[PDB]
2 protein chains.
Amino acid sequence: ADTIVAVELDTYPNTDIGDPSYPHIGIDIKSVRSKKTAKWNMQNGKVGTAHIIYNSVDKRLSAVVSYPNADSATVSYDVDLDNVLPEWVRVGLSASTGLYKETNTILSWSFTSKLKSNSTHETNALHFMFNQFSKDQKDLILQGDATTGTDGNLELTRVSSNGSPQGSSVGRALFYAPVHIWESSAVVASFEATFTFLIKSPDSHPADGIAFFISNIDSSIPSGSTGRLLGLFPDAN
Amino acid sequence: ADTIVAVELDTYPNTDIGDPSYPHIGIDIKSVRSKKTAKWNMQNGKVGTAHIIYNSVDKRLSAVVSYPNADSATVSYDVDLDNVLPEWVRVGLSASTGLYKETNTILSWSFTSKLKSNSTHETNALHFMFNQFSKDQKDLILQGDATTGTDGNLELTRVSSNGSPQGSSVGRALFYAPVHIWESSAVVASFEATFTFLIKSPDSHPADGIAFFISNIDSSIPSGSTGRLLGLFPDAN
Ligand SMILES: [Ca+2]
Ligand SMILES: [Ca+2]
Ligand SMILES: [Zn+2]
Ligand SMILES: [Zn+2]
């Protein structure tokens, strides 16, 4: 299986597999059984403002999720990405639905890494700022049943029957270019993101959650990940 | 023939095909016969600092090269990047030699595009800063006989014959990810570069020049390019 680390914005409560009793933010290390969880308000179709940092000088993997006039979902778990995730990786978005409906529309996504030639020897980058996901964006390897375009949006669902998001569908948004990590040139790459989303209510008690993974450079939708496995993990342990 | 726009840092006069009697910085629009040239000093084994911009607030395609304690060769030619070059490109580096030897070591490279999602509203980017070319740099699509690693260097010659780099060698260094240009969301894509090279004196009239192109998304070595075709042109037209 592909070694994969995500920050799950899960919306279906799974006290079966370690998701808490409430719709939560979660931080996954090679398992859907997460490390930290936090209560999240989860307003309806509104805007998005999520954020991820991992500064190896502080070695925390923090995150927030902010609506307007809401609060931050601090889910900072202490994990070292030295040994738990491969040398060259492939960041991207993951979304899913199953037996319910919920909207998985991304409106903008960004990134910035800064990785240590010899710390003050002019660290590298892979910054990008996709605010305007177009129709034929050919630097994305969107897998699954994910689509793009039709507005400035990233529609990570089979959609548009009045947007009614067509349950049991999986969508991924793998970015095209790799990122050097392992430690090896040490791992101070404070890789930032911004994860603006719009989880609109279909009036259905909406629940299956969006993610933000960091996979291996080779991946797929492994053997069925529609549902509580949430788009990227093969196994529920 | 792939559509390609390059900045020849030509270290050899090619009077048969329009290169001037002096070694020169150049500029190319689907042509090894350059639009505009300027005198370049072409020092021995030293370092580097080149820089290429195209801001459509002024629509000038500029290029400057400066050693430390040397001058700058502004070779700016107004050309309309609207129609002369496709929507999606694959930028990179190109260097070659033939019947005379020269070292074409690149030791750092950057790029920074900024194209108008909606002019104020948070334009896109592709900033990277490769100061630490590794032995197994898997985000380069280095073609031909390009080598890398063994130091912090990008050796675009078959090298290590005591730095006498095995004449009629050629090697390209295409970056891994595409860039949106054509117009469509108009063409303020102020792509930057920083192109610190090293051209070692072989005691052999160092010659055949390094390039920096903006090609088609599909490319290779065109029909043999060890020489006047400078690594990226099929024909002398
Ligand atoms: Ca769930
Ligand atoms: Ca030439
Ligand atoms: Zn969860
Ligand atoms: Zn020339």
# chains A, B, ... in the order shown; residues from 1 in each chain; ligands from 1

call {"tool": "residues_around", "arguments": {"residues": "residue 85 of chain B", "least_positions_apart": "5", "cutoff": "7 Å", "atoms": "only C-alpha atoms", "output": "list in words"}}
result
residues 3, 4 and 182 of chain B

call {"tool": "write_last_selection", "arguments": {"atoms": "C-alpha atoms", "output": "JSON list (two decimals), in the first residue's frame"}}
result
[["chain", "number", "residue", "atom", "x", "y", "z"],
["B", 3, "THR", "CA", 7.28, 25.52, -31.18],
["B", 4, "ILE", "CA", 10.07, 26.91, -29.03],
["B", 182, "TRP", "CA", -1.34, 31.77, -24.36]]

call {"tool": "closest_atom_pairs", "arguments": {"of": "chain A", "to": "ligand 1", "cutoff": "10 Å", "atoms": "only C-alpha atoms and all ligand atoms", "output": "Markdown table"}}
result
| residue | atom | partner | partner_atom_place_in_ligand_line | distance |
| --- | --- | --- | --- | --- |
| A:8 | CA | ligand 1 | 1 (Ca) | 9.2 |
| A:9 | CA | ligand 1 | 1 (Ca) | 8.9 |
| A:10 | CA | ligand 1 | 1 (Ca) | 5.2 |
| A:11 | CA | ligand 1 | 1 (Ca) | 5.4 |
| A:12 | CA | ligand 1 | 1 (Ca) | 3.4 |
| A:13 | CA | ligand 1 | 1 (Ca) | 5.3 |
| A:14 | CA | ligand 1 | 1 (Ca) | 5.6 |
| A:15 | CA | ligand 1 | 1 (Ca) | 9.2 |
| A:16 | CA | ligand 1 | 1 (Ca) | 9.9 |
| A:17 | CA | ligand 1 | 1 (Ca) | 9.0 |
| A:18 | CA | ligand 1 | 1 (Ca) | 9.7 |
| A:19 | CA | ligand 1 | 1 (Ca) | 7.0 |
| A:20 | CA | ligand 1 | 1 (Ca) | 9.4 |
| A:22 | CA | ligand 1 | 1 (Ca) | 10.0 |
| A:23 | CA | ligand 1 | 1 (Ca) | 8.2 |
| A:24 | CA | ligand 1 | 1 (Ca) | 9.1 |
| A:32 | CA | ligand 1 | 1 (Ca) | 9.4 |
| A:96 | CA | ligand 1 | 1 (Ca) | 9.5 |
| A:97 | CA | ligand 1 | 1 (Ca) | 9.1 |
| A:98 | CA | ligand 1 | 1 (Ca) | 9.5 |
| A:207 | CA | ligand 1 | 1 (Ca) | 6.7 |
| A:208 | CA | ligand 1 | 1 (Ca) | 4.9 |
| A:209 | CA | ligand 1 | 1 (Ca) | 6.3 |
| A:210 | CA | ligand 1 | 1 (Ca) | 9.5 |
| A:227 | CA | ligand 1 | 1 (Ca) | 6.7 |
| A:228 | CA | ligand 1 | 1 (Ca) | 4.5 |
| A:229 | CA | ligand 1 | 1 (Ca) | 7.4 |
| A:230 | CA | ligand 1 | 1 (Ca) | 6.7 |

call {"tool": "write_last_selection", "arguments": {"atoms": "C-alpha atoms", "output": "PDB file, in the first residue's frame"}}
result
ATOM      1  CA  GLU A   8      -8.960  14.674   7.224  1.00  0.00           C
ATOM      2  CA  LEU A   9     -11.852  17.105   7.437  1.00  0.00           C
ATOM      3  CA  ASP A  10     -14.153  14.167   8.059  1.00  0.00           C
ATOM      4  CA  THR A  11     -17.877  14.726   8.369  1.00  0.00           C
ATOM      5  CA  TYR A  12     -19.209  11.245   9.092  1.00  0.00           C
ATOM      6  CA  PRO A  13     -18.872  10.178  12.753  1.00  0.00           C
ATOM      7  CA  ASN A  14     -17.226   6.742  12.900  1.00  0.00           C
ATOM      8  CA  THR A  15     -16.809   5.548  16.467  1.00  0.00           C
ATOM      9  CA  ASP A  16     -16.234   2.191  14.793  1.00  0.00           C
ATOM     10  CA  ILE A  17     -12.851   3.195  13.383  1.00  0.00           C
ATOM     11  CA  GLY A  18     -11.796   5.934  15.782  1.00  0.00           C
ATOM     12  CA  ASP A  19     -13.507   9.001  14.435  1.00  0.00           C
ATOM     13  CA  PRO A  20     -15.128  10.814  17.368  1.00  0.00           C
ATOM     14  CA  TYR A  22     -19.039  14.596  16.301  1.00  0.00           C
ATOM     15  CA  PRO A  23     -18.086  15.948  12.854  1.00  0.00           C
ATOM     16  CA  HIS A  24     -14.431  16.697  13.371  1.00  0.00           C
ATOM     17  CA  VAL A  32      -7.694   6.287   9.169  1.00  0.00           C
ATOM     18  CA  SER A  96     -15.399  11.242  -1.199  1.00  0.00           C
ATOM     19  CA  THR A  97     -19.048  10.491  -0.530  1.00  0.00           C
ATOM     20  CA  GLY A  98     -21.059   7.361   0.095  1.00  0.00           C
ATOM     21  CA  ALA A 207     -21.422  13.390   5.838  1.00  0.00           C
ATOM     22  CA  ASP A 208     -18.313  11.947   4.235  1.00  0.00           C
ATOM     23  CA  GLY A 209     -15.572  14.640   4.494  1.00  0.00           C
ATOM     24  CA  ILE A 210     -12.741  16.106   2.373  1.00  0.00           C
ATOM     25  CA  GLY A 227     -16.907   5.943   2.412  1.00  0.00           C
ATOM     26  CA  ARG A 228     -15.450   5.719   5.906  1.00  0.00           C
ATOM     27  CA  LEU A 229     -12.043   5.017   4.322  1.00  0.00           C
ATOM     28  CA  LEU A 230     -12.385   8.563   2.917  1.00  0.00           C
TER      29      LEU A 230
END

call {"tool": "residues_around", "arguments": {"residues": "residue 117 of chain A", "least_positions_apart": "3", "cutoff": "7 Å", "atoms": "only C-alpha atoms", "output": "list in words"}}
result
residues 121, 122, 123 and 185 of chain A; 131 and 132 of chain B

call {"tool": "closest_residue", "arguments": {"among": "B:178, B:48, B:68, B:149", "to": "chain A", "atoms": "only C-alpha atoms"}}
result
B:178

call {"tool": "residues_around", "arguments": {"residues": "residue 169 of chain B", "least_positions_apart": "3", "cutoff": "9 Å", "atoms": "only C-alpha atoms", "output": "number ranges by chain"}}
result
B: 95-98, 101, 144-146, 156-159, 165-166, 225-227

call {"tool": "interface_residues", "arguments": {"of": "chain A", "to": "chain B", "cutoff": "9 Å", "atoms": "only C-alpha atoms", "output": "mmCIF file with C-alpha atoms, in the first residue's frame"}}
result
data_model
loop_
_atom_site.group_PDB
_atom_site.id
_atom_site.type_symbol
_atom_site.label_atom_id
_atom_site.label_comp_id
_atom_site.auth_asym_id
_atom_site.auth_seq_id
_atom_site.Cartn_x
_atom_site.Cartn_y
_atom_site.Cartn_z
ATOM 1 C CA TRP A 88 9.633 12.088 -3.046
ATOM 2 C CA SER A 110 -2.192 26.759 -2.667
ATOM 3 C CA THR A 112 4.667 26.637 -0.393
ATOM 4 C CA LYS A 114 11.173 25.663 1.621
ATOM 5 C CA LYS A 116 17.244 23.323 3.058
ATOM 6 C CA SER A 117 20.094 23.024 0.621
ATOM 7 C CA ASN A 118 22.253 23.932 3.642
ATOM 8 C CA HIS A 121 21.928 28.113 1.336
ATOM 9 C CA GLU A 122 18.740 29.292 -0.417
ATOM 10 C CA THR A 123 16.038 26.686 0.243
ATOM 11 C CA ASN A 124 13.943 25.370 -2.665
ATOM 12 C CA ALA A 125 10.244 25.912 -3.401
ATOM 13 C CA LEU A 126 7.171 24.593 -5.173
ATOM 14 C CA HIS A 127 4.745 27.461 -4.547
ATOM 15 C CA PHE A 128 1.502 27.582 -6.548
ATOM 16 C CA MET A 129 -1.774 29.456 -6.100
ATOM 17 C CA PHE A 130 -4.672 27.810 -7.986
ATOM 18 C CA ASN A 131 -7.502 30.299 -7.363
ATOM 19 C CA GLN A 132 -8.966 29.768 -10.831
ATOM 20 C CA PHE A 133 -9.282 26.033 -11.542
ATOM 21 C CA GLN A 137 -5.823 22.448 -16.231
ATOM 22 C CA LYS A 138 -3.106 20.015 -17.366
ATOM 23 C CA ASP A 139 -0.792 20.233 -14.348
ATOM 24 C CA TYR A 176 1.666 16.949 -10.940
ATOM 25 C CA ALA A 177 5.144 17.695 -9.529
ATOM 26 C CA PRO A 178 6.960 15.860 -6.709
ATOM 27 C CA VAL A 179 8.501 17.303 -3.531
ATOM 28 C CA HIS A 180 11.762 16.189 -1.909
#

call {"tool": "select_by_dssp", "arguments": {"residues": "segment 4-91 of chain B", "states": "strand (DSSP E)", "output": "list in words"}}
result
residues 5, 6, 9, 10, 24, 25, 38, 39, 50, 51, 52, 53, 54, 55, 60, 61, 62, 63, 64, 65, 77, 78, 88, 89, 90 and 91 of chain B

call {"tool": "atom_distance", "arguments": {"atom1": "atom CA of residue 78 of chain A", "atom2": "atom CA of residue 61 of chain A"}}
result
6.4 Å

call {"tool": "atom_distance", "arguments": {"atom1": "atom CA of residue 52 of chain B", "atom2": "atom CA of residue 6 of chain B"}}
result
10.4 Å

call {"tool": "atom_distance", "arguments": {"atom1": "atom CA of residue 236 of chain A", "atom2": "atom CA of residue 99 of chain A"}}
result
17.7 Å

call {"tool": "closest_residue", "arguments": {"among": "B:119, B:231, B:192, B:89", "to": "ligand 4", "atoms": "only C-alpha atoms and all ligand atoms"}}
result
B:231

call {"tool": "residues_around", "arguments": {"residues": "segment 196-206 of chain A", "least_positions_apart": "4", "cutoff": "7 Å", "atoms": "only C-alpha atoms", "output": "NGL selection string"}}
result
:A and (44-50 or 100-109 or 164)

call {"tool": "decode", "arguments": {"residues": "segment 72-185 of chain B", "atoms": "C-alpha atoms", "output": "PDB file, in the first residue's frame"}}
result
ATOM      1  CA  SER B  72      24.851  43.416 -18.126  1.00  0.00           C
ATOM      2  CA  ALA B  73      23.649  42.505 -21.624  1.00  0.00           C
ATOM      3  CA  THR B  74      20.091  43.792 -22.002  1.00  0.00           C
ATOM      4  CA  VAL B  75      18.802  42.114 -25.161  1.00  0.00           C
ATOM      5  CA  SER B  76      15.105  42.971 -24.711  1.00  0.00           C
ATOM      6  CA  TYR B  77      12.991  42.377 -27.827  1.00  0.00           C
ATOM      7  CA  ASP B  78       9.313  43.253 -27.935  1.00  0.00           C
ATOM      8  CA  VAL B  79       7.503  40.151 -29.146  1.00  0.00           C
ATOM      9  CA  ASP B  80       3.841  39.242 -28.729  1.00  0.00           C
ATOM     10  CA  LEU B  81       3.673  36.012 -26.708  1.00  0.00           C
ATOM     11  CA  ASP B  82      -0.037  35.841 -27.598  1.00  0.00           C
ATOM     12  CA  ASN B  83       0.265  33.727 -30.725  1.00  0.00           C
ATOM     13  CA  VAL B  84       3.930  32.681 -30.992  1.00  0.00           C
ATOM     14  CA  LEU B  85       3.864  29.979 -28.313  1.00  0.00           C
ATOM     15  CA  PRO B  86       1.199  27.489 -27.092  1.00  0.00           C
ATOM     16  CA  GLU B  87      -1.170  27.542 -24.115  1.00  0.00           C
ATOM     17  CA  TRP B  88       0.769  24.980 -22.091  1.00  0.00           C
ATOM     18  CA  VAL B  89       4.547  24.841 -22.169  1.00  0.00           C
ATOM     19  CA  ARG B  90       7.369  22.974 -20.478  1.00  0.00           C
ATOM     20  CA  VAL B  91      10.249  25.293 -19.629  1.00  0.00           C
ATOM     21  CA  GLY B  92      13.774  24.139 -18.939  1.00  0.00           C
ATOM     22  CA  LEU B  93      17.434  24.406 -19.793  1.00  0.00           C
ATOM     23  CA  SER B  94      19.379  23.413 -22.879  1.00  0.00           C
ATOM     24  CA  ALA B  95      23.100  23.175 -23.582  1.00  0.00           C
ATOM     25  CA  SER B  96      25.299  21.511 -26.167  1.00  0.00           C
ATOM     26  CA  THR B  97      28.713  21.482 -27.785  1.00  0.00           C
ATOM     27  CA  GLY B  98      30.262  20.259 -30.999  1.00  0.00           C
ATOM     28  CA  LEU B  99      33.782  19.897 -32.493  1.00  0.00           C
ATOM     29  CA  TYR B 100      34.899  22.332 -29.764  1.00  0.00           C
ATOM     30  CA  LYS B 101      34.454  21.449 -26.117  1.00  0.00           C
ATOM     31  CA  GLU B 102      33.107  23.528 -23.262  1.00  0.00           C
ATOM     32  CA  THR B 103      31.682  22.935 -19.816  1.00  0.00           C
ATOM     33  CA  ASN B 104      28.049  23.923 -19.403  1.00  0.00           C
ATOM     34  CA  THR B 105      27.507  23.426 -15.677  1.00  0.00           C
ATOM     35  CA  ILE B 106      24.324  24.919 -14.312  1.00  0.00           C
ATOM     36  CA  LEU B 107      24.537  25.163 -10.540  1.00  0.00           C
ATOM     37  CA  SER B 108      21.229  26.830  -9.584  1.00  0.00           C
ATOM     38  CA  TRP B 109      17.977  27.553 -11.345  1.00  0.00           C
ATOM     39  CA  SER B 110      14.689  29.251 -10.550  1.00  0.00           C
ATOM     40  CA  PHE B 111      11.434  30.301 -12.216  1.00  0.00           C
ATOM     41  CA  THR B 112       8.449  32.424 -11.159  1.00  0.00           C
ATOM     42  CA  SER B 113       5.329  32.858 -13.310  1.00  0.00           C
ATOM     43  CA  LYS B 114       2.344  35.059 -12.347  1.00  0.00           C
ATOM     44  CA  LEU B 115      -0.682  34.846 -14.667  1.00  0.00           C
ATOM     45  CA  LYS B 116      -3.904  36.682 -13.976  1.00  0.00           C
ATOM     46  CA  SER B 117      -6.567  34.476 -12.469  1.00  0.00           C
ATOM     47  CA  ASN B 118      -8.258  37.869 -12.251  1.00  0.00           C
ATOM     48  CA  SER B 119      -5.637  40.628 -12.299  1.00  0.00           C
ATOM     49  CA  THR B 120      -5.734  41.578  -8.599  1.00  0.00           C
ATOM     50  CA  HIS B 121      -7.357  38.374  -7.255  1.00  0.00           C
ATOM     51  CA  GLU B 122      -4.368  36.213  -6.380  1.00  0.00           C
ATOM     52  CA  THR B 123      -2.603  35.178  -9.580  1.00  0.00           C
ATOM     53  CA  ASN B 124      -1.080  31.712 -10.033  1.00  0.00           C
ATOM     54  CA  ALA B 125       2.572  30.788  -9.480  1.00  0.00           C
ATOM     55  CA  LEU B 126       5.207  28.116 -10.048  1.00  0.00           C
ATOM     56  CA  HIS B 127       8.101  29.355  -7.911  1.00  0.00           C
ATOM     57  CA  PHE B 128      10.979  26.906  -7.439  1.00  0.00           C
ATOM     58  CA  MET B 129      14.620  27.461  -6.463  1.00  0.00           C
ATOM     59  CA  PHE B 130      16.825  24.429  -7.321  1.00  0.00           C
ATOM     60  CA  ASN B 131      20.028  25.310  -5.461  1.00  0.00           C
ATOM     61  CA  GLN B 132      20.630  21.668  -4.527  1.00  0.00           C
ATOM     62  CA  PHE B 133      20.487  19.494  -7.649  1.00  0.00           C
ATOM     63  CA  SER B 134      20.675  15.998  -6.190  1.00  0.00           C
ATOM     64  CA  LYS B 135      21.983  12.718  -7.604  1.00  0.00           C
ATOM     65  CA  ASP B 136      18.443  11.442  -8.256  1.00  0.00           C
ATOM     66  CA  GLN B 137      16.517  14.659  -8.881  1.00  0.00           C
ATOM     67  CA  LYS B 138      13.164  13.189  -9.947  1.00  0.00           C
ATOM     68  CA  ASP B 139      11.434  16.444 -10.858  1.00  0.00           C
ATOM     69  CA  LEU B 140      13.596  17.020 -13.928  1.00  0.00           C
ATOM     70  CA  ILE B 141      12.866  15.431 -17.299  1.00  0.00           C
ATOM     71  CA  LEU B 142      16.527  15.797 -18.320  1.00  0.00           C
ATOM     72  CA  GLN B 143      16.776  14.551 -21.900  1.00  0.00           C
ATOM     73  CA  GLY B 144      19.546  13.703 -24.350  1.00  0.00           C
ATOM     74  CA  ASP B 145      22.840  13.043 -22.581  1.00  0.00           C
ATOM     75  CA  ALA B 146      22.303  15.412 -19.669  1.00  0.00           C
ATOM     76  CA  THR B 147      23.860  14.410 -16.373  1.00  0.00           C
ATOM     77  CA  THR B 148      23.337  15.544 -12.794  1.00  0.00           C
ATOM     78  CA  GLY B 149      24.497  14.933  -9.257  1.00  0.00           C
ATOM     79  CA  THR B 150      27.956  13.932  -7.909  1.00  0.00           C
ATOM     80  CA  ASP B 151      28.119  17.465  -6.370  1.00  0.00           C
ATOM     81  CA  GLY B 152      25.656  20.296  -6.262  1.00  0.00           C
ATOM     82  CA  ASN B 153      25.709  20.789 -10.042  1.00  0.00           C
ATOM     83  CA  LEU B 154      23.590  20.220 -13.141  1.00  0.00           C
ATOM     84  CA  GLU B 155      26.069  19.049 -15.767  1.00  0.00           C
ATOM     85  CA  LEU B 156      24.494  19.526 -19.188  1.00  0.00           C
ATOM     86  CA  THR B 157      27.421  17.799 -20.938  1.00  0.00           C
ATOM     87  CA  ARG B 158      28.875  14.321 -20.802  1.00  0.00           C
ATOM     88  CA  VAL B 159      31.505  15.451 -18.328  1.00  0.00           C
ATOM     89  CA  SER B 160      34.294  14.163 -15.935  1.00  0.00           C
ATOM     90  CA  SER B 161      36.916  13.654 -18.639  1.00  0.00           C
ATOM     91  CA  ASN B 162      38.972  15.941 -16.374  1.00  0.00           C
ATOM     92  CA  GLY B 163      36.441  18.649 -17.189  1.00  0.00           C
ATOM     93  CA  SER B 164      37.069  18.270 -20.944  1.00  0.00           C
ATOM     94  CA  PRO B 165      33.467  17.480 -21.619  1.00  0.00           C
ATOM     95  CA  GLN B 166      33.570  14.969 -24.514  1.00  0.00           C
ATOM     96  CA  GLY B 167      32.730  17.111 -27.556  1.00  0.00           C
ATOM     97  CA  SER B 168      29.551  16.823 -29.623  1.00  0.00           C
ATOM     98  CA  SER B 169      27.646  16.342 -26.375  1.00  0.00           C
ATOM     99  CA  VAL B 170      24.152  17.691 -25.727  1.00  0.00           C
ATOM    100  CA  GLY B 171      21.784  17.628 -22.767  1.00  0.00           C
ATOM    101  CA  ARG B 172      18.481  19.321 -21.940  1.00  0.00           C
ATOM    102  CA  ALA B 173      17.018  19.973 -18.489  1.00  0.00           C
ATOM    103  CA  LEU B 174      13.237  20.358 -18.906  1.00  0.00           C
ATOM    104  CA  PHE B 175      11.274  21.122 -15.745  1.00  0.00           C
ATOM    105  CA  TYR B 176       8.555  18.659 -14.833  1.00  0.00           C
ATOM    106  CA  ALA B 177       5.380  20.774 -14.780  1.00  0.00           C
ATOM    107  CA  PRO B 178       3.391  22.772 -17.371  1.00  0.00           C
ATOM    108  CA  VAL B 179       2.630  26.510 -17.274  1.00  0.00           C
ATOM    109  CA  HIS B 180      -0.470  28.333 -18.578  1.00  0.00           C
ATOM    110  CA  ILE B 181       0.350  31.153 -21.023  1.00  0.00           C
ATOM    111  CA  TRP B 182      -1.341  31.770 -24.359  1.00  0.00           C
ATOM    112  CA  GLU B 183      -3.619  34.643 -23.602  1.00  0.00           C
ATOM    113  CA  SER B 184      -7.128  33.513 -22.512  1.00  0.00           C
ATOM    114  CA  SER B 185      -6.947  35.351 -19.149  1.00  0.00           C
TER     115      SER B 185
END
